[PDB]
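Colleague: Have a look at the structure that comes next, please.
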2 protein chains.
Amino acid sequence: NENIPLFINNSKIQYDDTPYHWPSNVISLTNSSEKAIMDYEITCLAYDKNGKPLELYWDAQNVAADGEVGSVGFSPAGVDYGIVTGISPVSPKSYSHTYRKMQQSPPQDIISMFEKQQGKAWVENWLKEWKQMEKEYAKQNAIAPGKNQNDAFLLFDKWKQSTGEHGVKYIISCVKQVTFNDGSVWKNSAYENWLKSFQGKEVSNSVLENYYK
Amino acid sequence: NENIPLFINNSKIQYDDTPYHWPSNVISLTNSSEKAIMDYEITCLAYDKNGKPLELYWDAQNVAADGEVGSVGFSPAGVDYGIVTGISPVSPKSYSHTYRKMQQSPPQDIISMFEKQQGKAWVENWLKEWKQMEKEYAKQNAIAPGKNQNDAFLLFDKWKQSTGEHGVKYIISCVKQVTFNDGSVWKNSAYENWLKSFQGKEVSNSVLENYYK
């Protein structure tokens, strides 16, 4: 048997405590393995209250009345960024989104493209040192063995701030892979089947309601 | 008058204590001020046995027999990276070189690379984080008030490992500017006259001999 090293306890829309009550997809995780987890890929799917699948702008940014995108607080002239007048897409609309822990860092496919580029010798050596430092920072920020934590991602699409209503009723998730601090990579052999069974498909309310029970 | 906050005690070639005895321009520096120094610009000129100026690949990297650049130790196939069989220029050849404690930015080649793959907003945030990160590091390792310290830089050009002689017999240096830990910048009003007085000009051995006494 294959024991999943990163346990998803739940994935749920939650709203913050401020008067603007911004929505986030909050994924409750537990590192059940004996190794620190330095990176992960976790795929989510979204459903309305009737079990129909939803296409989202999953990583859309908020827009403010003065056109500011992705800010929070107040503008210097006094415009309230807390009031979300619209959304600004980032990734294309899709039934699924894959969240990555080292999202702040460029993916390894992209770093590998940069290595293979023709350049000066000192430029390649600059990138090598940068790669390692990036890896060391991620190791210091790893999820420790046994740690429970929430990883939260703003989810503005289908939210109406004035009423607090969100078209998304259920989020179901699956770990695609994880990377441990020693560099080893665990891949979920059940992932492709899960994606094929669920992505863009209707799901019963009993399955959705009990998905994390 | 004007009193300098950063005093150069000496600049000379030193060799390390490995069987390859790689050379380094070692700059002995004293913070004569009352504030910690987080960054500097120091310009060096080089002169041969008879006080004639030398043009160097000041920041060139070492080449090994297999052709690797900037490497230390031993290759898998047993190539000795300590044997320096040539040099690989970085900056163009010049009478002068200006050394810095803190780097101003990532190489332009890499910034441009990154914006095409990550996008403009990603790069701007990345440059911001990178600047702060280098600034925090510079502040933690600043030269303390009153303290002397040696800062070393490899200097391969005009050097012959098989023989041990270095063509550079005198390095004469001058502070251009200094950055204190609060962000403020002091500029040396004497620097431009110094640079004009020396760069590309022959100078007597007696002047070179006694420059730091």
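Each reported figure results from applying straightforward, stated rules to the coordinates on display, with no laboratory input. All Cβ positions, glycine included, derive from the backbone under ideal geometry; neighbour counts span all protein chains shown.
Colleague: Find every distance from the label point of B:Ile111 to the corresponding label point in the other copies (7 Å from Cα along Cα→Cβ) and write them in nm, one decimal, shortest first.
Modeller: In ascending order, 2.2 nm.
Colleague: Straight-line reach only, C-alpha to C-alpha below 14 angstrom: list the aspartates and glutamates that A:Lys201 could link to, leaving out same-chain residues fewer than 8 apart.
Modeller: Filter leaves A:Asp48, A:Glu55.
Colleague: For B:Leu195, A:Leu6, what's the fewest-to-most ordering of other Cβ within 10 Å of each Cβ?
Modeller: B:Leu195, A:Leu6
Colleague: Per residue of A:94-100, how many C-beta atoms from partner chains lie within 10 Å of its own C-beta, taken as a mean?
Modeller: Average neighbour count from other chains, rounded to a whole number: 0.
Colleague: How many nm separate the modelled label positions at B:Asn148 and A:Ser94, each set 7 Å beyond the Cα in the direction of the Cβ?
Modeller: Between B:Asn148 and A:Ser94, the simple spin-label model gives 6.1 nm.
Colleague: Related question: Taking each residue of B:107-113 in turn, how many C-beta atoms of other protein chains fall within 10 Å of its C-beta, and what is the average?
Modeller: The per-residue average across the peptide is 4.
Colleague: Read phi for every residue in segment A:118-126 and hand back ³J(HN,Hα) as whole Hz from Karplus 6.51 cos²θ - 1.76 cosθ + 1.60, θ = phi - 60°, with x for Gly and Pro.
Modeller: 6, x, 6, 4, 6, 6, 4, 5, 4
Colleague: Checking the cross-link filter: which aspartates and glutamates have an alpha carbon closer than 19 Å to that of B:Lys131, excluding same-chain neighbours under 8 positions apart?
Modeller: Once the sequence-local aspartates and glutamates are set aside, what remains near B:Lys131 is A:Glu129, A:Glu134, A:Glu136, B:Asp39, B:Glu41, B:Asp109, B:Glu115, B:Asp182.
Colleague: If I build a Gaussian network model for chain A, linking alpha-carbon pairs within less than 10 angstrom, which residue out of A:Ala36, A:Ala60, A:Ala121 has the largest mean-square fluctuation?
Modeller: A:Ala121
Colleague: Place the label 7 angstrom along Cα→C-beta at A:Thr30 and in each other copy, then list the distances from the first to the rest in nm, shortest first.
Modeller: Here the equivalent label points are 6.4 nm apart from this one.
Colleague: Mean separation of Cα pairs under 8 Å and 6+ residues apart, divided by the residue count of chain B: what relative contact order is that in percent?
Modeller: Across chain B, relative contact order equals 34 percent.
Colleague: Residue separation times 0.36 nm, minus the C-alpha to C-alpha distance between A:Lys196 and A:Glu209: what's the value?
Modeller: Fully extending the segment from A:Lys196 to A:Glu209 adds 2.7 nm.
Colleague: Karplus couplings for segment A:127-142 from phi (6.51 cos²θ - 1.76 cosθ + 1.60, θ = phi - 60°), rounded to Hz, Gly and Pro as x?
Modeller: Computed from phi, the couplings for segment A:127-142 are 5, 4, 5, 5, 3, 4, 4, 4, 4, 5, 4, 4, 5, 5, 9, 6 Hz.
Colleague: Of A:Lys139/B:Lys93; B:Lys120/B:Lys196; A:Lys93/A:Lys176; A:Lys135/A:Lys160, which sit over 30 Å apart, Cα to Cα?
Modeller: As for pairs spanning more than 30 Å Cα to Cα, those are A:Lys139/B:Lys93; B:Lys120/B:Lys196; A:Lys135/A:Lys160.
Colleague: Sticking with this structure for a sec: Set the Förster distance to 30 Å, then compute FRET efficiency between A:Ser75 and B:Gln140 from the Cβ-Cβ distance, nearest 0.05.
Modeller: 0.30
Colleague: A further question follows. To one decimal in nm, how far is A:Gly183 from the same spot in the other copies, if labels go 7 Å from Cα toward Cβ? Please give the shortest first.
Modeller: Result for A:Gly183, in nm, nearest copy first: 4.0.
Colleague: Give the residue list of chymotrypsin sites (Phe, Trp or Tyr not before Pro) in segment A:92-125 that are DSSP loop and have at most 11 other beta-carbon atoms within 10 angstrom.
Modeller: none
Colleague: Report the Cα centroid-to-centroid distance between segment B:162-180 and segment B:76-152 in angstrom, as an integer.
Modeller: Rounded to whole Å, the Cα centres lie 19 Å apart.
Colleague: Averaged over B:63-70, how many beta carbons belonging to a partner chain fall within 10 Å of each residue's beta carbon?
Modeller: Taking all residues of B:63-70 together, the mean is 2.
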